[PDB]
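Quick heads-up: it's one chain on its own, the form deposited in one PDB entry, in structure tokens.
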């Protein structure tokens, strides 16, 4: 059941086209997160959805009703600001009830609604406490409570948890996911963090320069990238070059990667003489120790440094050609075989069928 359908929306600002073209549909009952580098235009999409800006072209529909030209006072859409946009001269009760008091709501129902909305936020005690006496987390909670009471069909968040520390942010992540599951309305989140998007969202949309690049489950974007930018944006990736020689079977293709032959899994149709990209993640590369001509099978390279991150050990391997390869593993100090092998001739292997192959 579609909820918001954006068809053919174009926006030009000061003679510059921030969003050339955008087709996107938002369903009902999910946690949607918009991701990308700074300057892609997520905030513009959020503002046009909320109605604070007008569109040069296109249509926006909610429940098959057109609200493209409806002013941003009758839409059933609420937003949460980055600075929390809190009124200083009012109290928590007044801030929360500002929305209800201006919908011609009967006075016999305002107090229980606000007071129970503070229950879902865990601010029971501070009903009569003014702002500038509350911490940042409590101010964010007040903003969320203020946005929730009106019971909208779509709640928009704009970098809500960017200004807090680590542990409190991690707590509010699970708190927001639980709140979304409990209420039953769709959430839209704009953020620059990666693990934050991967922890909560049921659907991730990546934008760059006003263009949509990928849309799918966190698994479908982390493990099946569509282009080089998406693969390099989330996590670390290793770009290898290969040339196709011949096809062995329906799921195996012979190729020459970095001057050495290897077997890879390619599904789409290929022809000899084509150039392919082989992308591997650091966790999937296994590196053995070659003390004196032992286990010298596979790609050959030299390790130059060994970084210690506390939880994981970071190693950089220099290949014969001159391409840097980065390998990440765990760190077990109290375990025999392991430890330092600063300078020698190493070999690099990976478990079969763990590759990601991209054409062109």
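Numbering follows the first chain given and starts at 1. The term rigid core refers to the most C-alpha atoms you can superpose between the two forms while keeping them within 1.5 Å.
Just so it is clear, the following notes concern the form deposited in another entry, a form of the same protein that is not shown.
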Core-superposed between this form and the one not shown, the one of 160, 238, 150, 214 with a C-alpha shift of 2 Å or more is 150
query: Is residue 273 one of the residues whose C-alpha moves 2 Å or more between this form and the one not shown after the core fit?
result: no
Tell me whether residue 345 is among the residues that move between this form and the one not shown (Cα shift of 2 angstroms or more, core superposed).
yes
- Exceeds or equals 2 Å, Cα of residue 59 between this form and the one not shown, core fit: no
